[PDB]
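*Asks:* Sequence and experimental coordinates follow.
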Amino acid sequence: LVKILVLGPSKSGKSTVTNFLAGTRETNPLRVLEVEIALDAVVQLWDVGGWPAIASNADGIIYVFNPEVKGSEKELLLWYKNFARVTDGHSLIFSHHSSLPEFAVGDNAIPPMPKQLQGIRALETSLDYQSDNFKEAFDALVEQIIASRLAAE
Ligand SMILES: Nc1nc2c(ncn2[C@@H]2O[C@H](COP(=O)(O)OP(=O)(O)OP(=O)(O)O)[C@@H](O)[C@H]2O)c(=O)[nH]1
Ligand SMILES: [Ca+2]
Ligand SMILES: [Mg+2]
């Protein structure tokens, strides 16, 4: 199995980003959706509502935030702090247009992140608004998780 944590400030869209990825098409403490992807074991997404048993055995993290909302960028460092040397940089950050883009647009439709977070691959994300093909980053993320393990031997 592979367990990928979905963390992010409240109302950011981490639930909305989740069911799209797990195939199926308001807040809640935790919602684990099951799906499986095959290219070239199981994939379970743990949408956390905006913990220490949650962080356990975690293999990757997807941060989701609203780029219109001020201070969100530094709120991820806590989700980075808490759920985190648990993860390495396998993390993914979604600059998620939940609203018609006003501020995100332009020279950072993915705004500047903290130094620890930057250097983690970032994407412009939204289901209706301008976005990046982030199902591909997911597929590519799942593949990068499994391969590492028995590669070491
Ligand atoms: N138009 C539009 N609205 C979106 C989009 N994604 C999220 N939203 C807005 O955000 C709401 C859904 O976001 P959620 O997934 O519930 O937010 P969350 O990250 O789960 O945050 P919590 O409340 O803590 O669970 C909807 O009411 C939408 O209005 C989107 O792609 N397009
Ligand atoms: Ca696009
Ligand atoms: Mg949610």
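*Replies:* Arrived safely. Residues are numbered from 1 along each chain as shown. Ligands and ions are numbered 1, 2, ... in the order given.
*Asks:* List of residues touching the top helix by length along the chain?
*Replies:* Of all the segments assigned as helix in the chain under DSSP state H, the longest by residue count is helix 134-151. By CB atoms under 8 Å, 6 or more residues apart in numbering, the surrounding residues in contact with helix 134-151 are 2, 4, 17, 20-21, 37, 39-41, 43, 59-60, 62, 90, 92, 94, 121, 123, 125. (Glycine included, C-beta is placed from N, CA and C.)
*Asks:* let's see it at 7 Å
*Replies:* 2, 21, 37, 39-40, 43, 59-60, 90, 92, 94, 121, 123, 125 (CB atoms under 7 Å, 6 or more residues apart in numbering).
*Asks:* ok, and of those, which contact ligand 1?
*Replies:* Subset of these in contact with ligand 1: empty, counting by CB under 6 Å from any ligand atom.
*Asks:* now, which of those lie within strands?
*Replies:* Secondary structure assignment by DSSP state E places 2, 43, 60, 92, 94, 123, 125 of the contacts of helix 134-151 in strands.
*Asks:* for the residue nearest the centre of the chain, helix, strand, or coil?
*Replies:* Geometric centre of the chain, nearest residue: residue 62, 1.7 Å, by CA atoms, centre = their mean. On the three-state scheme (DSSP: H, G, I helix; E, B strand; the rest coil), residue 62 is labelled strand.
*Asks:* Contacts only, for it.
*Replies:* Counting by CB under 7 Å, 6+ apart, residue 62 makes contact with 4, 6, 92, 94.
*Asks:* try 6 Å
*Replies:* Contacts here follow CB atoms under 6 Å, 6 or more residues apart in numbering; on that basis residue 62 touches 6, 92.
*Asks:* Tell me the bridge partners for it.
*Replies:* residue 6, residue 92 (DSSP bridges).
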